[PDB]
């Protein structure tokens, strides 16, 4: 099974998942001087109910906060999107070093880490699964994390990480104010792309927030203490879980701001 180790890592994903070599793969390098300001883009409009979060788990590839996507309590609207996209899940990417952890890279700069908020198009598709397979199916909001002062909005998550050391472990997790974790400014870049983990489906409209949020070194280190292995299996740590940037192949990266 795929992972981020020598033998199963990004460079090998294409053996098992051919679309790894597609023309709309993510993440990318965002070169700010080449991005175009699009006055036709709309402001992001976000409503995230703290009662939506239910469960935190170790997938073996990140932690995953799972949200009740039965109805439309928690949604993303606006930006480049047509209609309403329903909140499904949150996870984080990091690397083994604090200066090289994000998936998206801005003018050569890699952040300490990158939070992904995953949503699906409930206005057009009946379920996350059906949406995941369409070009306008999914929308992922990306937030960069930079090293600095500890972030009290991450305490809720970090406090759970011991209980989910092993791959597969899960713990109830509710009253999670995801809105308060986002940066104060919602200016963004957007481009059409893919999942950054197998199955690597090209169904994602990426919305990458310009403004990072803080994390301490000590907070980030706690994530690398998660295992990519299950109970009663040789232990290996998830020290790194980001995919290298992929070729743009002529796609247009747009900015909500000038």
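Positions refer to the first chain, counted from 1.
Name the higher of the two by mean Cα B-factor in the PDB entry, 78-86 versus 161-169. Result: 161-169.
Do the CA atoms of 192-200 or those of 33-41 have the higher mean B-factor in the entry? Stretch with the greater average CA B-factor: 33-41.
Largest Cα B-factor, entry values, listed residues 95, 142, 137, 184: Each of 95, 142, 137, 184 was compared by C-alpha B-factor; the highest is 184.
Ranking every modelled residue in this chain by its Cα temperature factor as given in the entry, which third contains residue 129? Within its chain, residue 129 is a highest-third residue by C-alpha B-factor, going by the deposited values.
Taking the values exactly as deposited, rank residue 121 by C-alpha B-factor within its chain and report the matching third: lowest, middle or highest. It falls in the bottom third of the chain.
Lowest, middle or highest third: where is residue 213 by Cα B-factor in its chain? For residue 213, the deposited C-alpha B-factor lands in the lowest third.
Sorting the chain's modelled residues by C-alpha B-factor, tell me whether residue 50 ends up in the lowest, middle or highest third. Middle third.
Third of the chain's Cα B-factor distribution that residue 205 belongs to, per the entry: Answer is lowest: the recorded C-alpha B-factor places it there.
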